[PDB]
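What follows is a single structure, written as structure tokens, with notes after it.
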Amino acid sequence: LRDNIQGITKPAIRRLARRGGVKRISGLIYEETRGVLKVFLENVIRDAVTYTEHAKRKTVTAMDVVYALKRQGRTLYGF
Amino acid sequence: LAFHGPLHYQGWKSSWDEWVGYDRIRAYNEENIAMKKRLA
Amino acid sequence: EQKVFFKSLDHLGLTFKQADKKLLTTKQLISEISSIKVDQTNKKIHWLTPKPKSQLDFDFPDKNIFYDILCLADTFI
Amino acid sequence: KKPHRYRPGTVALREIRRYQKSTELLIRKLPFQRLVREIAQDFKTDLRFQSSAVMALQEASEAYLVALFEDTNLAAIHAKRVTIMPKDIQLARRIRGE
Amino acid sequence: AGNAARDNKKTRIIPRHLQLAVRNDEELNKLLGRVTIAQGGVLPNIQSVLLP
DNA sequence: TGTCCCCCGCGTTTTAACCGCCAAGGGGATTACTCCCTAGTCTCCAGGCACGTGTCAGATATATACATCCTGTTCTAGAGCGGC
DNA sequence: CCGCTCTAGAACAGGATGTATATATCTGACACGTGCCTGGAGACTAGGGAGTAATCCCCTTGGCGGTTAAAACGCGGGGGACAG
């Protein structure tokens with residue numbers, strides 16, 4: 001699996017900013033937003049990896065993702 | 001290479017096509033739509 | 001290699017699981033019989049006005065195969 | 001014959017209104033799914049994720065980025081602008097402490 | 001903190017040295033990001049547009 | 001205030017997204033046997049805490065000394081003018 | 001067209017005031033010593049929760065076509081970020 005950081009397409013980043021009420025989006029925002037999302041994903045998934053490793057499990061469950069988000073003050077409801 | 005003014009009508013929606021057979025003259029887009037309507 | 005080599009030797013059979021699904025349908029068989037129809041009609045129009053009444057013929061030399069297919073169908077029931 | 005030729009900004013505000021009252025997921029499923037597996041394979045190989053596990057990751061990442069974009073947009077009007085910049089995001093993360 | 005104490009020519013660890021030691025290390029700064037240190041102040045850094 | 005170049009709206013053509021369908025086989029979930037080590041005491045003793053105190057690094061103090069910043073004066077380059 | 005004088009930008013040196021240090025001395029907590037003494041450790045008893053083994057069924061990954069929604073490319077252009 002390579003070049004998967006481009007999976008978050010420019011209209012997808014455009015649509016995300018539209019939900020946030022952004023009037024205009026620069027061309028350099030998409031590269032920065034991908035990097036910010038990559039950094040944020042690299043922290044939540046790594047925390048979920050330790051949660052999955054602690055349970056002697058090989059598949060990451062949704063409950064471990066919730067605990068990974070809860071410990072950083074970003075608790076998620078619905079899972 | 002267009003029988004009408006060079007640019008199916010390009011740059012328009014699909015609900016404008018017409019393929020009837022009449023006389024065809026290019027005239028360089030009617031002298032570029034009459035010099036863009038005589039410079040506006 | 002014991003499981004790699006024989007799978008590598010299969011070229012048409014690897015895609016057969018999807019080729020059979022895509023090809024053993026109604027529209028493909030109708031197309032493949034209409035193609036033979038237009039081939040015969042065009043060839044006879046070129047050659048001779050009467051048209052043969054036989055196309056895409058199957059031979060039935062074995063009788064036990066029908067019972068084997070019935071056994072498979074019965075297992076499917 | 002004259003094209004409609006909407007000026008920039010109006011359809012963007014229309015997209016803002018149509019996507020603020022809606023709740024469908026903006027990011028596609030498999031592109032976000034494949035990004036998770038590539039990131040996770042750097043930490044541990046032969047790792048699997050449940051379908052609902054990625055569902056929790058996708059909604060949380062979108063809401064975090066939308067909230068970041070809200071602060072990013074709020075920085076633009078604060079800086080007498082309507083176009084967001086990469087430096088606007090950097091200021092937003094620094095103030096939040098990320 | 002001992003390395004920071006040698007920088008300002010001090011042989012005793014003071015809360016200024018502990019704050020400087022924590023904030024200089026990126027790992028310690030992120031771990032103690034939401035931590036308030038008394039009598040430590042902040043890093044002596046000035047933004048580039050502020051210098052003449 | 002302007003501009004121009006950076007970003008949006010739209011036409012076209014690919015493109016991979018989603019749902020439609022099928023197995024696969026690691027793997028989450030459950031049950032049971034059993035075995036280690038942690039719950040719970042007895043006794044004690046050696047490390048930890050309260051107290052007391054000589055002491056050694058920090059702060060106050062001040063002439064001395066940095067130390068960079070602000071400003072004044074002079075050097076040299078550039079444009080304007082006048083004469084040949 | 002060339003030389004002369006006027007003018008001004010800019011590098012450079014000197015004055016100024018708030019701090020960097022070199023002692024002198026206070027000084028006040030710092031750490032060492034002491035005397036305990038109160039909580040952890042050796043030893044013991046007992047039991048119970050997970051390691052491990054087995055099962056199972058289940059659920060995520062891989063793997064296909066279909067299709068139509070949408071990303072991507074490009075053209076027109078237009079309103080805004082930024083230099084001024």
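Each chain of the structure tokens is named A, B, ... in the order shown, its residues numbered from 1; ligands are numbered from 1 in display order.
Summary of the local environment: counting only C-alpha atoms (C1' of nucleotides), residues at most 7 Å from residue 40 (chain D), other than itself and those fewer than 4 positions away along its chain, are residues 45 of chain A; 36 and 44 of chain D.
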For this session: Find the residues of chain D in contact range of chain F, meaning any atom within 8 Å when counting only C-alpha atoms (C1' of nucleotides), and list them as a ChimeraX atom specification.
Result: /D:5-9,28-30
Go ahead and dump the residues you just picked, N, CA and C atoms, as a short mmCIF file (atom, residue, chain, number, x, y, z; two decimals), in the first residue's frame.
data_model
loop_
_atom_site.label_atom_id
_atom_site.label_comp_id
_atom_site.auth_asym_id
_atom_site.auth_seq_id
_atom_site.Cartn_x
_atom_site.Cartn_y
_atom_site.Cartn_z
N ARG D 5 -23.03 31.32 -15.95
CA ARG D 5 -21.76 31.87 -15.47
C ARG D 5 -21.90 32.44 -14.06
N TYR D 6 -22.17 31.54 -13.12
CA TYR D 6 -22.24 31.91 -11.71
C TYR D 6 -20.91 32.47 -11.24
N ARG D 7 -20.97 33.60 -10.54
CA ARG D 7 -19.77 34.20 -9.97
C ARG D 7 -19.27 33.34 -8.81
N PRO D 8 -17.96 33.31 -8.58
CA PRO D 8 -17.42 32.51 -7.47
C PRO D 8 -17.92 33.02 -6.12
N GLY D 9 -18.23 32.07 -5.23
CA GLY D 9 -18.67 32.41 -3.90
C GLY D 9 -20.11 32.03 -3.60
N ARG D 28 -15.04 9.47 1.06
CA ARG D 28 -15.43 8.15 0.58
C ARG D 28 -14.89 7.05 1.48
N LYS D 29 -15.47 5.86 1.36
CA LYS D 29 -15.24 4.81 2.35
C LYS D 29 -13.89 4.13 2.14
N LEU D 30 -13.71 3.51 0.98
CA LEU D 30 -12.45 2.82 0.69
C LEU D 30 -11.22 3.72 0.63
#
Exercise. Could you name the residues that touch residue 52 (chain D) at 10 Å or less, counting only C-alpha atoms (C1' of nucleotides), but leaving out those on the same chain fewer than 4 positions away, as a list in words?
Worked result: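 The residues satisfying every condition are residues 61, 62, 63, 65 and 79 of chain A; 56, 57 and 58 of chain D.
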Counting only C-alpha atoms (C1' of nucleotides), a student should be able to say which residues of chain A come within 8 Å of chain F; what is the right answer, written as a PDB file with N, CA, C and O atoms, in the first residue's frame?
ATOM      1  N   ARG A  24     -13.708  30.342   0.663  1.00  0.00           N
ATOM      2  CA  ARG A  24     -12.802  29.981  -0.416  1.00  0.00           C
ATOM      3  C   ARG A  24     -11.655  29.143   0.133  1.00  0.00           C
ATOM      4  O   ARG A  24     -11.191  29.355   1.256  1.00  0.00           O
ATOM      5  N   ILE A  25     -11.198  28.192  -0.678  1.00  0.00           N
ATOM      6  CA  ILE A  25     -10.173  27.231  -0.287  1.00  0.00           C
ATOM      7  C   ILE A  25      -8.980  27.398  -1.218  1.00  0.00           C
ATOM      8  O   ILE A  25      -9.127  27.320  -2.443  1.00  0.00           O
ATOM      9  N   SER A  26      -7.801  27.614  -0.639  1.00  0.00           N
ATOM     10  CA  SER A  26      -6.592  27.761  -1.432  1.00  0.00           C
ATOM     11  C   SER A  26      -6.122  26.407  -1.960  1.00  0.00           C
ATOM     12  O   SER A  26      -6.530  25.344  -1.482  1.00  0.00           O
ATOM     13  N   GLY A  27      -5.246  26.460  -2.965  1.00  0.00           N
ATOM     14  CA  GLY A  27      -4.722  25.236  -3.547  1.00  0.00           C
ATOM     15  C   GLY A  27      -3.727  24.520  -2.656  1.00  0.00           C
ATOM     16  O   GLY A  27      -3.539  23.307  -2.784  1.00  0.00           O
ATOM     17  N   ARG A  57      -5.372  -9.236  20.729  1.00  0.00           N
ATOM     18  CA  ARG A  57      -6.217  -9.292  19.548  1.00  0.00           C
ATOM     19  C   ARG A  57      -5.438  -8.804  18.336  1.00  0.00           C
ATOM     20  O   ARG A  57      -4.529  -7.977  18.454  1.00  0.00           O
ATOM     21  N   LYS A  58      -5.795  -9.331  17.166  1.00  0.00           N
ATOM     22  CA  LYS A  58      -5.129  -8.957  15.927  1.00  0.00           C
ATOM     23  C   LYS A  58      -5.942  -7.996  15.071  1.00  0.00           C
ATOM     24  O   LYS A  58      -5.390  -7.414  14.131  1.00  0.00           O
ATOM     25  N   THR A  59      -7.229  -7.820  15.362  1.00  0.00           N
ATOM     26  CA  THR A  59      -8.085  -6.884  14.645  1.00  0.00           C
ATOM     27  C   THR A  59      -8.513  -5.765  15.584  1.00  0.00           C
ATOM     28  O   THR A  59      -8.963  -6.028  16.704  1.00  0.00           O
TER      29      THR A  59
END
Problem set entry | Residue hits in chain B, query chain D, radius 10 Å, only C-alpha atoms, as a ChimeraX atom specification | /B:11-13
Store the residues picked out above, limited to N, CA, C and O atoms, as a PDB file, in the first residue's frame.
ATOM      1  N   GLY B  11     -18.872  23.866 -25.061  1.00  0.00           N
ATOM      2  CA  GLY B  11     -19.073  24.786 -23.961  1.00  0.00           C
ATOM      3  C   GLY B  11     -20.513  25.013 -23.572  1.00  0.00           C
ATOM      4  O   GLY B  11     -20.816  26.023 -22.928  1.00  0.00           O
ATOM      5  N   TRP B  12     -21.415  24.107 -23.940  1.00  0.00           N
ATOM      6  CA  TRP B  12     -22.831  24.235 -23.637  1.00  0.00           C
ATOM      7  C   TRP B  12     -23.372  22.893 -23.161  1.00  0.00           C
ATOM      8  O   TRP B  12     -22.696  21.863 -23.233  1.00  0.00           O
ATOM      9  N   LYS B  13     -24.608  22.916 -22.668  1.00  0.00           N
ATOM     10  CA  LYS B  13     -25.237  21.710 -22.155  1.00  0.00           C
ATOM     11  C   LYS B  13     -25.629  20.778 -23.301  1.00  0.00           C
ATOM     12  O   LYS B  13     -25.642  21.155 -24.477  1.00  0.00           O
TER      13      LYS B  13
END
For this session: Excluding region 18-32 of chain B and any residue of its chain fewer than 2 positions from it, enumerate the residues within 8 Å of it, using only C-alpha atoms (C1' of nucleotides), and give them as an MDAnalysis selection string.
Result: chainID B and resid 2:6 8 16 34:36
Residues of the last selection are to be written out with N, CA, C and O atoms, as a CSV table (one decimal), in the first residue's frame.
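Saved the output as result33.csv:
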chain,number,residue,atom,x,y,z
B,2,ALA,N,-15.1,22.9,-38.1
B,2,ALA,CA,-16.5,22.9,-37.8
B,2,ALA,C,-17.2,23.6,-38.9
B,2,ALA,O,-16.7,24.6,-39.5
B,3,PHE,N,-18.4,23.1,-39.3
B,3,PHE,CA,-19.2,23.8,-40.3
B,3,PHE,C,-19.7,25.1,-39.8
B,3,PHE,O,-19.8,26.1,-40.6
B,4,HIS,N,-20.1,25.2,-38.5
B,4,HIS,CA,-20.5,26.5,-37.9
B,4,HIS,C,-19.3,27.2,-37.3
B,4,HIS,O,-18.1,26.8,-37.7
B,5,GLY,N,-19.5,28.2,-36.5
B,5,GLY,CA,-18.4,28.9,-35.8
B,5,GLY,C,-17.6,27.9,-35.0
B,5,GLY,O,-18.1,27.2,-34.1
B,6,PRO,N,-16.3,27.9,-35.2
B,6,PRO,CA,-15.4,26.9,-34.5
B,6,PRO,C,-15.3,27.3,-33.0
B,6,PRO,O,-15.3,28.5,-32.6
B,8,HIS,N,-21.7,19.4,-32.6
B,8,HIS,CA,-22.1,19.7,-31.2
B,8,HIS,C,-21.5,21.1,-30.8
B,8,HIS,O,-20.4,21.4,-31.1
B,16,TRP,N,-28.9,21.0,-26.5
B,16,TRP,CA,-28.9,22.0,-27.5
B,16,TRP,C,-28.4,21.5,-28.8
B,16,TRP,O,-28.2,22.3,-29.8
B,34,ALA,N,-18.7,39.2,-34.7
B,34,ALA,CA,-18.7,40.6,-35.1
B,34,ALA,C,-17.8,41.4,-34.1
B,34,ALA,O,-18.2,42.4,-33.5
B,35,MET,N,-16.5,41.0,-34.0
B,35,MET,CA,-15.5,41.6,-33.1
B,35,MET,C,-16.0,41.7,-31.7
B,35,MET,O,-15.9,42.8,-31.1
B,36,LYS,N,-16.6,40.6,-31.2
B,36,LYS,CA,-17.2,40.6,-29.8
B,36,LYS,C,-18.2,41.7,-29.6
B,36,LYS,O,-18.2,42.4,-28.6
For this session: Record the distance separating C1' of residue 5 (chain G) and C1' of residue 79 (chain F), expressed in Å with one decimal.
Result: 11.4 Å
For this session: For residue 42 (chain F), list every protein, DNA or RNA residue within 12 Å, evaluated using only C-alpha atoms (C1' of nucleotides), and leave out those in the same chain fewer than 6 positions away; present the list as a PyMOL selection string.
Result: chain G and resi 42-45
Can you write out as a Markdown table which residues of chain G fall within 12 Å of chain C, alongside each residue's closest atom pair and its distance in Å to one decimal, counting only C-alpha atoms (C1' of nucleotides) and ordering rows by chain and ascending residue number?
| residue | atom | partner | partner_atom | distance |
| --- | --- | --- | --- | --- |
| G:63 | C1' | C:18 | CA | 9.4 |
| G:64 | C1' | C:18 | CA | 6.4 |
| G:65 | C1' | C:22 | CA | 7.4 |
| G:66 | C1' | C:22 | CA | 11.0 |
Exercise. With only C-alpha atoms (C1' of nucleotides) as the basis for distance, which of F:1, F:22, F:11, F:64 is at the shortest distance from chain C?
Worked result: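 Ranking F:1, F:22, F:11, F:64 by distance to chain C, first place goes to F:22.
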For this session: Would you kindly report the residues of chain G within 12 Å of chain E, using only C-alpha atoms (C1' of nucleotides), as a PyMOL selection string?
Result: chain G and resi 20-21+30
Those residues you just picked out, can you put them in a file as a PDB file, in the first residue's frame with N, CA and C atoms (P, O5', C5', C4', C3', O3' and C1' of nucleotides)?
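Saved result, out.pdb, follows:
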ATOM      1  P    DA G  20      21.396  41.765  30.184  1.00  0.00           P
ATOM      2  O5'  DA G  20      22.927  41.723  30.657  1.00  0.00           O
ATOM      3  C5'  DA G  20      23.479  40.510  31.176  1.00  0.00           C
ATOM      4  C4'  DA G  20      24.965  40.398  30.867  1.00  0.00           C
ATOM      5  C3'  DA G  20      25.700  39.335  31.660  1.00  0.00           C
ATOM      6  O3'  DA G  20      26.919  38.997  31.004  1.00  0.00           O
ATOM      7  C1'  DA G  20      26.298  41.469  32.472  1.00  0.00           C
ATOM      8  P    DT G  21      27.888  37.870  31.616  1.00  0.00           P
ATOM      9  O5'  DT G  21      28.850  38.682  32.605  1.00  0.00           O
ATOM     10  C5'  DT G  21      29.548  37.999  33.639  1.00  0.00           C
ATOM     11  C4'  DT G  21      30.506  38.936  34.355  1.00  0.00           C
ATOM     12  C3'  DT G  21      31.074  38.396  35.665  1.00  0.00           C
ATOM     13  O3'  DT G  21      32.367  38.952  35.887  1.00  0.00           O
ATOM     14  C1'  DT G  21      29.868  40.329  36.117  1.00  0.00           C
ATOM     15  P    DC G  30      16.146  24.477  50.298  1.00  0.00           P
ATOM     16  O5'  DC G  30      17.580  24.200  49.642  1.00  0.00           O
ATOM     17  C5'  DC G  30      18.770  24.506  50.370  1.00  0.00           C
ATOM     18  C4'  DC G  30      19.850  23.477  50.091  1.00  0.00           C
ATOM     19  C3'  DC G  30      19.348  22.062  49.941  1.00  0.00           C
ATOM     20  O3'  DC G  30      20.329  21.280  49.276  1.00  0.00           O
ATOM     21  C1'  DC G  30      20.380  22.337  52.072  1.00  0.00           C
TER      22       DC G  30
END
For chain E against chain A, which residues fall within 12 Å using only C-alpha atoms, given as a short mmCIF file (atom, residue, chain, number, x, y, z; two decimals) with N, CA, C and O atoms, in the first residue's frame?
data_model
loop_
_atom_site.label_atom_id
_atom_site.label_comp_id
_atom_site.auth_asym_id
_atom_site.auth_seq_id
_atom_site.Cartn_x
_atom_site.Cartn_y
_atom_site.Cartn_z
N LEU E 31 4.04 15.95 26.37
CA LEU E 31 3.49 15.21 27.50
C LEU E 31 2.93 16.16 28.56
O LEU E 31 1.86 15.90 29.12
N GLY E 33 1.93 19.32 28.04
CA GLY E 33 1.35 20.46 27.34
C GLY E 33 0.28 21.16 28.15
O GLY E 33 0.18 22.39 28.14
N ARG E 34 -0.55 20.39 28.86
CA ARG E 34 -1.60 20.94 29.70
C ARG E 34 -1.18 21.07 31.16
O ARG E 34 -2.02 20.96 32.06
#
Exercise. Where does DSSP see strand (DSSP E) in chain A, if you list the residues as a PyMOL selection string?
Worked result: chain A and resi 24-25+59-60
Exercise. Looking at only C-alpha atoms, which of D:93, D:20, D:25, D:59 is the one that sits closest to chain A?
Worked result: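 Smallest separation from chain A among the options: D:20.
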For this session: Check every residue of chain E for an atom within 9 Å of chain F, counting only C-alpha atoms (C1' of nucleotides), and provide those that qualify as a ChimeraX atom specification.
Result: /E:10-12
Atoms to include: N, CA and C atoms. Write the selected residues as a short mmCIF file (atom, residue, chain, number, x, y, z; two decimals), in the first residue's frame.
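Wrote out.cif, looks like this:
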data_model
loop_
_atom_site.label_atom_id
_atom_site.label_comp_id
_atom_site.auth_asym_id
_atom_site.auth_seq_id
_atom_site.Cartn_x
_atom_site.Cartn_y
_atom_site.Cartn_z
N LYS E 10 24.53 28.15 37.27
CA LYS E 10 23.95 27.83 38.56
C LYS E 10 24.22 26.37 38.89
N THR E 11 24.57 26.11 40.15
CA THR E 11 24.82 24.77 40.64
C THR E 11 23.67 24.21 41.47
N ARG E 12 22.53 24.89 41.48
CA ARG E 12 21.34 24.42 42.18
C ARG E 12 20.15 24.47 41.23
#
For this session: Pick out the chain A residues within 10 Å of chain G. Count only C-alpha atoms (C1' of nucleotides). Give them as a PyMOL selection string.
Result: chain A and resi 9-12+59
